[PDB]
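Colleague: generate a structure from the sequence data that follows.
(one chain, ligands or ions: 4)
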Amino acid sequence: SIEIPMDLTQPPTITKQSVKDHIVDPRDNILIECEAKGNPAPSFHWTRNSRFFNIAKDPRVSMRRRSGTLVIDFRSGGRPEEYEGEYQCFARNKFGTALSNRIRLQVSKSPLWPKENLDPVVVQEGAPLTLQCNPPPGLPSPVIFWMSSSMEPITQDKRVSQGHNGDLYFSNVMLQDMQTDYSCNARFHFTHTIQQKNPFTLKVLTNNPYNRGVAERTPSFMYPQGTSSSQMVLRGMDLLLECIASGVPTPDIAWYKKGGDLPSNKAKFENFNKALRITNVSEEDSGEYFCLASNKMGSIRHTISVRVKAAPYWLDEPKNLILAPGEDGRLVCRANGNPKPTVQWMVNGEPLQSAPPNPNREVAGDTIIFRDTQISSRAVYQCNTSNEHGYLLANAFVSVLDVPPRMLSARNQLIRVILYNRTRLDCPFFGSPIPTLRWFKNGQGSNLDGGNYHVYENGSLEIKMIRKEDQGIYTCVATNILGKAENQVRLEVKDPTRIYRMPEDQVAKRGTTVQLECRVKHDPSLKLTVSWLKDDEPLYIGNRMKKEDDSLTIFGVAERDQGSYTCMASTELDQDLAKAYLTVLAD
Ligand SMILES: *[C@@H]1O[C@H](CO)[C@@H](O[C@@H]2O[C@H](CO)[C@@H](O[C@@H]3O[C@H](CO[C@H]4O[C@H](CO[C@H]5O[C@H](CO)[C@@H](O)[C@H](O)[C@@H]5O)[C@@H](O)[C@H](O[C@H]5O[C@H](CO)[C@@H](O)[C@H](O)[C@@H]5O)[C@@H]4O)[C@@H](O)[C@H](O[C@H]4O[C@H](CO)[C@@H](O)[C@H](O)[C@@H]4O)[C@@H]3O)[C@H](O)[C@H]2NC(C)=O)[C@H](O)[C@H]1NC(C)=O
Ligand SMILES: *[C@@H]1O[C@H](CO)[C@@H](O[C@@H]2O[C@H](CO)[C@@H](O[C@@H]3O[C@H](CO[C@H]4O[C@H](CO)[C@@H](O)[C@H](O)[C@@H]4O)[C@@H](O)[C@H](O[C@H]4O[C@H](CO)[C@@H](O)[C@H](O)[C@@H]4O)[C@@H]3O)[C@H](O)[C@H]2NC(C)=O)[C@H](O)[C@H]1NC(C)=O
Ligand SMILES: *[C@@H]1O[C@H](CO)[C@@H](O[C@@H]2O[C@H](CO)[C@@H](O[C@@H]3O[C@H](CO[C@H]4O[C@H](CO)[C@@H](O)[C@H](O[C@H]5O[C@H](CO)[C@@H](O)[C@H](O)[C@@H]5O)[C@@H]4O)[C@@H](O)[C@H](O)[C@@H]3O)[C@H](O)[C@H]2NC(C)=O)[C@H](O)[C@H]1NC(C)=O
Ligand SMILES: *[C@@H]1O[C@H](CO)[C@@H](O[C@@H]2O[C@H](CO)[C@@H](O[C@@H]3O[C@H](CO[C@H]4O[C@H](CO)[C@@H](O)[C@H](O)[C@@H]4O)[C@@H](O)[C@H](O)[C@@H]3O)[C@H](O)[C@H]2NC(C)=O)[C@H](O)[C@H]1NC(C)=O
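Modeller: Numbering: from 1, shown residues only. Ligands and ions are numbered 1, 2, ... in the order given. Next up is the structure itself:
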């Protein structure tokens, strides 16, 4: 899209808005950002659960100047809990009306643990255990972890560990486990609060007599019951898998995939090889993953169907259509999702069914067509692509104006660059009908287009690799049926800064004055900076250290001076580094 300054007539456009699922803190004076841009003063208003919400009536709520950002003050009192639900921001002006996402405003809850009577659980030496947390309802899912009442972080290793769900898992209980209590703890991000479940205790029943006394045993599956399970993760998300075993000799978990090698760049082991995590996920990663609980006595596999589904994501987001009277335009709302996301069309937040009828407007599948567009039907169109999992919302408006091409950058720019480096000329422009911009060099009639000259949407001209021929005066002209505008830029190819004589690596004894030569070629008409780095951090010039134009001298070396010195020669357009190692002997 293209931006418009304030002075020029402009429909509304939302700069910044809060999250769809906006979660908040009960303490703070609560603030909701809704900011819009519009040459004619936009007016802002709000709606909760599909019913208007009156700001003036509520004394606590007040509005920022020249924006729709709302602030609520709790000094008097009151409670955020009563404000939960779906809210919507509306920014209106003469030209049109712009909407925002439906904000599922909820306040983070940090409920205390229900005081429950806990009998300590018992077990014979070396049987498996599943220690259950089951927190009270938590939005968001709290940070779960296990602590002693003595406040010490609790023994976690290959043998025994915690799940993502929050329960603790013992492949095999040992004698030592009785030493301490185990208490579940949950953090809530927003309030910075931790909840502690009543601590557990265990009892062990070794009967072994004096006379590896305890019996050995097969592995078994504990968390993923049965052979098979299904998990769904959305595209682009972090994928996480877990496998829990139970064998007297501590089982070892290995992870693999159906007829294919694991992408090592993205996958990694967490939680002592009992968790596997991947980075951004694609349909590549979709398929069948399984896990082995290898053990000396037996070994077993669990399979998981990893169907990579997706909340809708934009393939082609509809961008603003600028048309001259009688030009043809189409709006494309294409979101990819698994299952396929359902497309929903509204006109200024009104159902298309009952919208004012228009002959130019034709709707088909997911696309809207205006043939021979006129002043009529100038409004903001909305697309809600939604599925079981999630939804995406997109706005697009059409503005009709009649103005000649305008120049948006400084006149007579001066641009500098070295020989074989990529460069860019920024000549931004704009016009009511799409004006053709053309480049001219050294007063040549022929417009510059083709090899080694490329033009983008905004008008910046890129030189992929520069020759000495390219240097000179460039004129960019934006023109259309209505009128024209012109602008000048001078392009200068200068000489790169390269270090032809590097400092010499050397071995010196204590109390000798040493010199390092760093000769660099730079263009005479350029700002050169030459500094040094000791080891791997910047060096400070001082007493006993003399800096010559092309060399550096140190008096009175010792063992501390030993190391790597780095000559840095930089100009506005270029940078080069040279390194030398100095070693020191003893007396
Ligand atoms: C873009 O479109 C998408 C959808 O395509 C839309 O997302 C929907 O958003 C609304 C509003 O937030 C969600 O509706 C909520 O529904 C709550 C009850 O959940 C049940 O009903 C859901 C559908 O709501 C309709 O039916 C209910 C009665 O069922 C009715 O109250 C509503 O008014 C509405 O007519 C349904 O999706 C949901 O299904 C989930 O859970 C079931 C198990 O229960 C499970 O089987 C499903 O697989 C799924 O997981 C469930 O059946 C409702 O409580 C809530 O508010 C209502 O109650 C309050 C309090 O009484 C009232 O004040 C209020 O008026 C409502 O009556 C709300 O209505 C809906 O669930 C979303 N749909 C999907 C698919 O996610 C986006 O918002 C759209 N985007 C934009 C920008 O508009
Ligand atoms: C103007 O634009 C040009 C072109 O874009 C820039 O040239 C780049 O300069 C950097 C150095 O800043 C080059 O990085 C070089 O990497 C070499 C190894 O390259 C291979 O392997 C890398 C991955 O490691 C691949 O990406 C690449 O394709 C190659 O296959 C090193 O050997 C280089 O170091 C040595 O030579 C340089 C020469 O300048 C010396 O100064 C060093 O001291 C050292 O002796 C170097 O690190 C990069 O490859 C260049 N090309 C590109 C496309 O980036 C200019 O930096 C830029 N500015 C100017 C010219 O002033
Ligand atoms: C997960 O996120 C990443 C990061 O956003 C996504 O990576 C983008 O992938 C697309 C599609 O391939 C890329 O478009 C390509 O760009 C290539 C240029 O890449 C060079 O420069 C990169 C830095 O800009 C550099 O990282 C890369 O080196 C790495 O990959 C090389 C691939 O050959 C490999 O040889 C190297 O060893 C190193 O691992 C290259 O030097 C270009 O060559 C292609 O033709 C194509 O245009 C984007 O550039 C990637 N993003 C970025 C920031 O570079 C990835 O797709 C995401 N995956 C999923 C599943 O969502
Ligand atoms: C008109 O549209 C043109 C579309 O191509 C614009 O040309 C592009 O201009 C940009 C901005 O100067 C150039 O971006 C370059 O990016 C490199 C690398 O980025 C560095 O910084 C990022 C920060 O995230 C970092 O991730 C990278 O690793 C790099 O460290 C910079 O080194 C360059 O200086 C420059 O910023 C593009 O190169 C250029 N297009 C192409 C294809 O090269 C043009 O700017 C637009 N005109 C206007 C007025 O907006």
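Colleague: find the nearest non-adjacent residue to the residue of the chain found nearest ligand 2, please.
Modeller: In the chain, no residue comes nearer to ligand 2 than residue 421, which is 2.9 Å away by CB to the nearest ligand atom. C-beta coordinates here come from the backbone N, C-alpha and C atoms, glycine included. Of all residues not flanking residue 421 in the chain, residue 466 sits nearest, at 6.7 Å (CB to CB, 6 or more residues apart in numbering).
Colleague: separation between the one you found and residue 569?
Modeller: Note on residue 466: its distance to residue 569, by CB to CB, to the nearest Å, is 22 Å.
Colleague: looking at the two, which is more packed in?
Modeller: Between residue 466 and residue 569, counted using other CB atoms under 10 Å, the more crowded position is residue 569 (21 against 18).
Colleague: against residue 521, how distant is that one?
Modeller: Residue 569 is 9 Å from residue 521, by CB to CB.
Colleague: residues that sit against both of these two, list them.
Modeller: The contact sets of residue 569 and residue 521 overlap at 497, 499 (CB atoms under 8 Å, 6 or more residues apart in numbering).
Colleague: before we move on, the earlier item: residues touching the residue of the chain closest to ligand 2, list them.
Modeller: 465, 466, 496, 573.
Colleague: now swap in residue 418 and tell me
Modeller: Going by CB under 8 Å, 6+ apart, residue 418 touches 493, 494, 495, 496, 497, 573, 574.
Colleague: keep those residues, but drop any that are not near ligand 2.
Modeller: Checking the contacts of residue 418 against ligand 2 by CB under 6 Å from any ligand atom, the ones in range are 496, 574.
Colleague: just the ones of the contacts of residue 418 in strands?
Modeller: 493, 494, 574 (DSSP state E).
Colleague: and the residue lying closest to residue 412 once chain neighbours are set aside, what helix or strand is that in?
Modeller: Leaving aside its sequence neighbours, residue 412 sits nearest to residue 488 (CB to CB, 6+ apart; 4.7 Å). Using DSSP states H and E, the element containing residue 488 is strand 484-494.
Colleague: cool, residue 375 as well?
Modeller: Going by DSSP H and E, residue 375 is not part of any helix or strand.
Colleague: related to what we said a few turns ago, just checking, the residue nearest to residue 421 touches residue 425?
Modeller: No. Counting by CB atoms under 8 Å, residue 466 stays clear of residue 425, with 11.4 Å between them.
Colleague: for residue 232, phi and psi?
Modeller: Here the main-chain torsion angles of residue 232 (degrees, to the nearest 10) amount to phi -120, psi 130.
Colleague: how's this protein carved up into domains?
Modeller: The chain breaks down by CATH domains of a matching chain into domains covering 13-107, 121-205, 220-311, 312-400, 406-493, 498-584.
Colleague: what would those domains look like in CSV with distance to residue 6?
Modeller: Output for these, formatted as CSV (distance: least, CB to CB, whole Å):
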stretch, distance to residue 6
domain 13-107, 6
domain 121-205, 36
domain 220-311, 36
domain 312-400, 15
domain 406-493, 14
domain 498-584, 33
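Colleague: out of the ones you listed, which gets nearest to residue 114?
Modeller: Judged by CB to CB, the one of those that comes nearest to residue 114 is domain 121-205, at 6.6 Å.
Colleague: how long is the closest one end to end?
Modeller: Across domain 121-205, the terminal residues are separated by 12 Å (CA to CA, to the nearest Å).
Colleague: circling back: whichever of the contacts of residue 421 end up buried, select them in ChimeraX.
Modeller: In ChimeraX syntax, the buried subset of the contacts of residue 421 is picked out as below (16 or more other CB atoms under 10 Å):
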select :466,496,573
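Colleague: turn the contacts of residue 421 into a markdown table, columns for distance to residue 458.
Modeller: Shown next, in a markdown table, are the contacts of residue 421 (distance: CB to CB, whole Å):
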| residue | distance to residue 458 |
| --- | --- |
| 465 | 22 |
| 466 | 21 |
| 496 | 29 |
| 573 | 23 |
